[PDB]
Every structure is written in structure tokens, then in C-alpha cells.
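# Summary of the model geometry
Chain by chain, the residues:
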Amino acid sequence: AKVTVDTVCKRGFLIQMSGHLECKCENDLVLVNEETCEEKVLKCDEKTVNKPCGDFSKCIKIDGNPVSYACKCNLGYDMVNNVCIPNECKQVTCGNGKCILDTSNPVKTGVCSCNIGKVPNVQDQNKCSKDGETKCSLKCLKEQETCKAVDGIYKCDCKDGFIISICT
Amino acid sequence: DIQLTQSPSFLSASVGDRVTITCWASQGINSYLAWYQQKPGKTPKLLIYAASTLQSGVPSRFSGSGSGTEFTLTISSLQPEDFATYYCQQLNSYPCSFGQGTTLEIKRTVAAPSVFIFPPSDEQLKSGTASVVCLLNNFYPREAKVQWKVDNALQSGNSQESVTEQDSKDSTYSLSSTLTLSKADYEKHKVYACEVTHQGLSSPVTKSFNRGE
Amino acid sequence: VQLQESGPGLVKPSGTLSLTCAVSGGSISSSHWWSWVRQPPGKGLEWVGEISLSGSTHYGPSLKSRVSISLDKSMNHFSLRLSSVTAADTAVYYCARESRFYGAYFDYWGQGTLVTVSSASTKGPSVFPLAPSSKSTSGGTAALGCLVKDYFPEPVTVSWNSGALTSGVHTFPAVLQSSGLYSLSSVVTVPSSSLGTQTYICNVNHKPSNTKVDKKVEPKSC
């Protein structure tokens, strides 16, 4: 469903931007859903149908003679810049941010969620160009971690006086 | 379903004036309200979405405001080319709906019409019908009285008017009035006169011709 | 990206209206949703229906089971079909690309095509000159035009000198005569000094009858 501060990212971790939270996968894993990561198959064949080949994409059989196998985005997504994004985000550019879904209305619609420090700018097609502060909501319950701004996103990381599996 | 209602239906303001159109939704739609500009018989143009987000390529004098069931479209400094019908639109839940439209006329100083009259072509007379065309050119406001007199006899029921949309440069109107007669009735009279009454004329102006000259 | 409607402009009552929207300068897969909007004469905008790239359709409830919309991804177009039409379906039909970024709206539209519902037959127009004279000259400006009379159905396109003359042109909206045929006039104001040098031709084009007529307007010296 919708990722919150209480979502348990299976084989991933929580990140926060200006208008949403989402799970970020570990290693070279890919998203099978909003809160689950798995290994990515490298070649789609009859042995890898339905297995994940990317974020919100899995191998599927394509009809025809001869039949083929390819990495296709899940229902509700399409391939844009080699990544599966929601249909509502197809022609969307957010700037220093991401296009996410607003699902609060019967008609789902795409909005922008920005890197920490920016908010959508009504004077710039709602792109992530306006300065704005975002308070971090992450619960970094590990006794040695706190919320830090890493590469423009909020993320539980080692505190100001520790480094790297426990933060020590 | 969600019905949209705009107020007012018609609006007349001058160049440089600030105008505000109101759109009411029958139930809340958050900020997901769009605005369109449509010149008469032309393609609608998206101006604003998300109540106040200006679409690329739209002049900054356009702005929007509102959330829930009440929204406003504002043009901060009216320009002559801003005359159009403006529609709000929502698709927060099916079905999609529009407002009934607000027509915006550009108000300007009174301009008297230049009146021309056109006799029927000899090529049309060969077909048994005679059309006499009276032309009122570049005037404001749109209200005008155009009467046909045939040997100073007032006509009735044999004429039709057509008025152009406002000009996007000088905000004036042009009007054509066409008197239609048969060839026999047309050749039964001599003087064909167009009489024009307008606010920019201290007295009614008459443009006429003698049939055959 | 360009949107262009096309299809018959005259449908007999209870017949089927059929229009196609061709997308050029870009793919129809640039957006996932596409819609049809119509505008009856003198009335406001009405949402007719919508289709997605996956084939999902939504229609205006007023149209009931008379409306259908298809899409052909390979042909880069999508179509509209309206059955059992009445005069209430006479309207200019637009196609529109949908954007669902902070709402759901129409960011790209087509030219719009008119479809008149009537049992009257198609009739091409007669074009008569509105010759300039002393009765159409004010200042240094002379007015001349063309009378486009007795045609059905709408619309006609009027140009001057094959589109080379546009400034000063006024093509009046057509009036519906008592005979059931339309009529309009297209006038243009030009420098009266040029009436001996420059020739003026109006090009009247009636697509429903596939008739194009060119009338040279000769200047009167009276």
C-alpha cells in the first residue's frame, strides 16, 4: 500500500523526501512492490517468467510466433528513461525531485516530491525549484543511528560520531 | 456527479483592469481545478491547472486561487487579446465536467462605425435573387440599430445581421446586414438605403445608392 | 505533437457519427489517457469520453450506450463513434491529450471538426462579388468582399489571394436562411490606391461538398 514511517522495508531501507516516503533497495536488488526488494534476473526466459527484472518490472511471456520473453513494467507503469514509472508520471519533469502518486482522489494523479531543501514551486510548473524545509519523520530506533540528509534524501545513518554491520 | 458553475456568465472590463472569474464545484475537489481560454470557434487553450499553477507559455498576468468548492481565475492587467470565453474543468472523479463558461468582452471608448453598402452583383441578379449588403466597420459598443429603407419605406423580415467577434487589437466590432429581395421586387424600386443608429453617432447615418448606377 | 480530427461533417438523424483523431509530431503513447470533447453551437464544453492506452473507457453519462471510443496504437490515432444521433449531437468535436500531473486536464487539443445532424442534402455555395466602389470607401481605405450564399452544411473556409491576404479580413459568421441553407460574407479593407494594381480573389472552400470556388472581385469606378 502506502509507505509510512512504520513500513518495514524488506531487504531495503526507508528514505524521506519532501512529499513522501519510499523504500530504497540494498545492494543491486530491485523493487517487486513498494516495500519488498529481491534479486534481479539478468535474462528473461521461460525459467524467469514472473521473477523481478527491475523496479516494478518482471519477466513476462509475449504472444506471437515465435513467443518471446522480455522485462515489462507492472500494471500501472511504463518504461521512461530505462525505469518503470507510474503512468501518471509519463510526461512529468520535477527537477531536483521525483514524481509520485497522489491517491487521495478517485482519479489518481502525479505530483512532485523533492530533495531535502526544496518544495514544489507553483511559479515553475510545480517543479522542485522552490526553497523549503522538510522535517525528518524517520524513527531511527537503532541506539547508534539518527536521521541524516544524505545525497538530498533523509535516511537513517550513523550518528555524527560513528561510522559503519552496526554503526560504530 | 460534480457540477461546475461559473460567475458571472458575461463580463466587460477595460484594458489594464483586473478581472476575477469564479468557479463553484458542487463538492470538494481539493485544488484539482483547471482553466481554459477559448476564442470563438477556436481550440481551447490550457491556462492554469491545480487551481493556481500557471501552464508554460501563459503570461504572468493570469493567476488562479482557491481550494475545495470555490476557485478564482484572475487577470491582473487586461490586454486586448484577452477577450475569450473561459471554462473551468475538473476530473477528480468521473465523469469529467466543465463550467458553463464566462465570456469576457474588452471594454473600450466609443468608436463610430464606418458604414459601407454593396449593391447586388449582376451575376446574382441573373439567378433571380438580389442581396443588398450593408457593412458596419470597426465600432464599439456592439449594440447598433440597422434598418433597411427602400424608397424611404421601412423594411421588415427580409434582412439578417451577422456580427464578428471582437478584434484582438482595437476591440471593435464589425456588422453585416443583408437585405434579400427577388429580382422583380429589386427592380421595382430605386433608392436602397442603410440607416445606422449607434452611440458613437450624434444622429442616425444613412448610406444609400441608386439602383443601376 | 499535433492533434487532428477528421470524419464526415453531415450525419442523417438516427445515423452514426464517426470521427478519428490522428496524432502526429509525436506518439500517441506520450500520454496514457486521451479524450473527446464536444461543443454544441453557442453552448459550452462537454466531455464526451476517454480511453487509455490499455483500452479502459469512460463516457459521459448523458450519452448512455450510444458512445464508444477505440484506440489504434499502431496507427497513432484514436476514434469516436456515436450512434442514434439527433440534432442535439450537432457540435464541434475536439480530441485532447490528457495530462494527470496535479489533477487531470487536457494540455493538447485538436483543430476541432463540426458534425451537423440533419437530413438535408449537401450543397456547395454560390459565390458573388462584393465589388468596391465609392459606396465602400472611407479615407484611403476601400472595402470589398464576397457573398457566399446558399450552402449546406457548415463550414466554409474563405481565404483571400490563396491566403496571401489576411490583414483586414472579416469573415462573418454564417446565418441560417429560411430556406435551410447557410450564407455568409467575407469582407476585406485594402488601400484604395491599390485597386488598379492589385487583384483580389476570394477562395471559397466547402469541404462537405468538396467544392472550391475562386471569385475575382472587380473594382467599380462608379
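Parameters at a glance
Residues numbered from 1 in each chain as written, not as in the entry; some residues may be left out. Chains lettered and ligands numbered in written order. Heavy atoms only, no water. Residues with missing side-chain atoms left out of burial classes, pairs and counts. Contact = heavy atoms within 4.5 Å. Buried area = accessible area lost by both parts, 1.4 Å probe. Salt bridge = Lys/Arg side-chain N within 4 Å of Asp/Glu carboxyl O. Polar contact = N/O pair within 3.5 Å; in protein donor to acceptor, adjacent residues only side chain to side chain. Nonpolar A, V, L, I, M, F, W, Y, C, P; charged D, E, K, R; others polar. Core = buried A, V, L, I, M, F, W, Y, C linked by side-chain atoms within 4.5 Å. Buried < 20%, exposed > 50% of the residue type's maximum accessible area, 1.4 Å probe, protein only. Helix = DSSP H or I, 4+ residues; strand = E, 2+ residues; numbered from the N terminus. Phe/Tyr/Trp six-rings, centres within 6.5 Å; stacked < 30°, edge-to-face > 60°. Pairing = 2+ DSSP bridges. Axes fitted to C-alpha atoms, helices over the stretch in contact; angles between N-to-C directions. Domains from an automatic or database assignment.

Looking now at the interface of chain C and chain A. The interface is formed by eleven residues belonging to chain C together with 14 residues belonging to chain A. Buried area between chain C and chain A, both sides added, is near 1100 Å², and the carbon and sulfur share of it is 56%. It is C:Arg100, C:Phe101 and C:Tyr102 that lose the most area in chain C upon contact with chain A, and together they represent 56% of the buried surface on that side. Applying the counting criterion to the chain C and chain A interface returns zero salt bridges. Across the chain C-chain A interface, the total number found is nine residue pairs in polar contact. Split into classes, the residues belonging to the side of chain C that touches chain A amount to five nonpolar, four polar and two charged.

Core analysis: the biggest nonpolar cluster contains 31 residues, and B:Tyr36, B:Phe98, C:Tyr102, C:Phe106 and C:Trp109 have the highest contact counts within it. Among the elements of the structure, β10 (97–102) and β11 (109–114) of chain A, β4 (34–38) and β5 (45–49) of chain B together with β9 (91–99) and β10 (105–109) of chain C are those that each provide at least two residues to this core. With sequence-adjacent residues up to four places away left out, B:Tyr36 is seen in contact with B:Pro44, B:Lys45, B:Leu46, B:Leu47, B:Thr85, B:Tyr86, B:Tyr87, B:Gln89, B:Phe98, C:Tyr105, C:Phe106 and C:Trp109. Core analysis: the next-biggest nonpolar cluster, separate from the first, contains 26 residues, B:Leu4, B:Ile29, B:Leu73 and B:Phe83 among them.

The full count for this structure, using the stated rule, is 20 aromatic pairs over all chains. A centroid spacing of 6.2 Å and a plane angle of 15° characterise the contact between B:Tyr140 and B:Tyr173, whose relative ring orientation is stacked. Residue B:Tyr140 is located in the loop between β13 (129–139) and β14 (145–150), and its partner B:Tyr173 is located in strand β16 (residues 173–182); the two are separated by 33 residues in the primary sequence. Of the two residues, B:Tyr140 and B:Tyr173, both sit in the buried class. Three or more aromatic residues joined by ring pairs make a cluster, and in this case those are B:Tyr36, B:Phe98, C:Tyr94, C:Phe106 and C:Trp109.

The next point concerns the sheet that holds strand β17 (residues 191–197) of chain B. What holds strands together in a sheet is hydrogen bonding between their backbones, with the strands either parallel or antiparallel. Residue and element names in this part refer to chain B. Reading across from one edge, β14-β17-β18 is the order of the three strands in this open sheet, with antiparallel pairing throughout. Either end of the sheet is taken by a strand with one partner, and the two such strands are β14 and β18 (205–210). Recorded for the sheet is a direction-independent mean angle of 15° between the axes of neighbouring strands. Summarising the sheet, β14 and β17 pair through six bridges and their orientation is antiparallel. From the neighbouring strand, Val-150 faces β17, where its bridge partner is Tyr-192.

Next up on the list: the domain arrangement of chain C. A common way to state how big an interface is: give the accessible area lost once the parts meet. Residue and element names in this part refer to chain C. Partitioning chain C into domains gives domain 1 (1–119) and domain 2 (120–217). Summarising the inter-unit geometry, the C-alpha centres of domain 1 and domain 2 are found 31 Å apart. Across the boundary between the two partners, domain 1 contributes six residues, which contact six residues of domain 2. In this assembly, domain 1 packs against domain 2 so that about 510 Å² is buried in total across both faces, 60% of it on carbon and sulfur atoms. Across the contact surface, domain 1 and domain 2 share zero salt bridges. If you look at where domain 1 meets domain 2, you find one residue pair in polar contact.

A word on the sheet that holds strand β5 (residues 52–54) of chain A. Residues and elements named next belong to chain A. A sheet is described by the order of its strands in space; here three strands give the open sequence β5-β6-β7, paired in antiparallel fashion. Both edges of this open sheet fall to β5 and β7 (68–73), since each of them pairs with a single strand only. The sheet shows a mean angle of 50° between the axes of neighbouring strands, taken without regard to direction. Relative to strand β6 (residues 57–62), β5 is paired through two bridges, and the arrangement is antiparallel. Residue pairing in the sheet places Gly-54 in a bridge with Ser-57 of β6.

Our next topic: the side chain of A:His20. Residue and element names in this part refer to chain A. As for its position among the elements, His-20 is in the loop between β1 (12–16) and β2 (21–25). The exposure class assigned to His-20 is buried, which follows from its relative accessible area of 14%. Within polar-contact distance, the side chain of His-20 engages the side chain of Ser-113 at 2.8 Å. Not counting the four nearest positions on each side in its chain, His-20 is found in contact with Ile-15, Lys-98, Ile-100 and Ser-113.

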